[PDB]
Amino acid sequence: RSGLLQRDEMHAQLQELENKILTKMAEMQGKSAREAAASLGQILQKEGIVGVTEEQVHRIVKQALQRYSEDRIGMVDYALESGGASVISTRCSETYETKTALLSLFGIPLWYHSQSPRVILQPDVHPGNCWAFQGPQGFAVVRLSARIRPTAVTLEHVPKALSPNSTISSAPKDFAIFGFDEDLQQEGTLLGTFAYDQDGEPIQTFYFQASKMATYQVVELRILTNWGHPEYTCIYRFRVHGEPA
């Protein structure tokens, strides 16, 4: 219409179509760039109407080929929502509603919206699927899917290349992990203090001191600092690993 970027109706399906394509691409990360484009042309020919150009599909493929970053984490995630874990709503920082204009797979700029604390327990970590709170300090409390002996923690953020302004300044920096013996404790035990490295890999794993046998089902992620973003901090995914009791 105007060509203006705005929260229009065209914006709706275009976002819906985008990460619908993305969840399909991971299945063909081991396929040729030529083979991938042919398949993508058929999911388009499964719902979309127009027979897309031969290279236009190929370009979406080339673009989608770096919305993928390797996930080598094979450990059980006891903070995974679909596994039975949940974010304790009343025990989280106030959700900060923020948005960023970024380029989608189709080249069209889209407003990407920040979500509820729930998404930090969700595997989808595409740009925007993160929970933001105001300032460099915040916290989220998670009830794990099972009572475990915590042994490690995994924190990930979007890659720099897909991040707003190609910097990662909104990523958490120094953080602490707390364990709560029950849901009725509100006297946390400090499991460990770490720092998410902005210059490191998107996915980073941190392990605790391996001699304390304390058992937990409730865990707090407390962000102490971020990587310089003066307005907010957002978390893409928080994982909790350990041994089942």
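Start at 1 and count along the sequence shown; that's the residue number.
Averaged over Cα atoms, the B-factor as recorded in the entry is higher for 5 to 13 than for the other of 226 to 234 and 5 to 13. Looking at 148 to 156 and 89 to 97 together, the entry lists the larger mean B-factor for 89 to 97, computed on C-alpha atoms. When the C-alpha B factors of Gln198, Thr53, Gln217, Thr193 are read from the deposited coordinates, the top value falls at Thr53.
Ranked by C-alpha B-factor against the other modelled residues of its chain, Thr167 falls in the middle third. Among all modelled residues in this chain, the alpha-carbon of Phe180 has a temperature factor (C-alpha) in the middle third.
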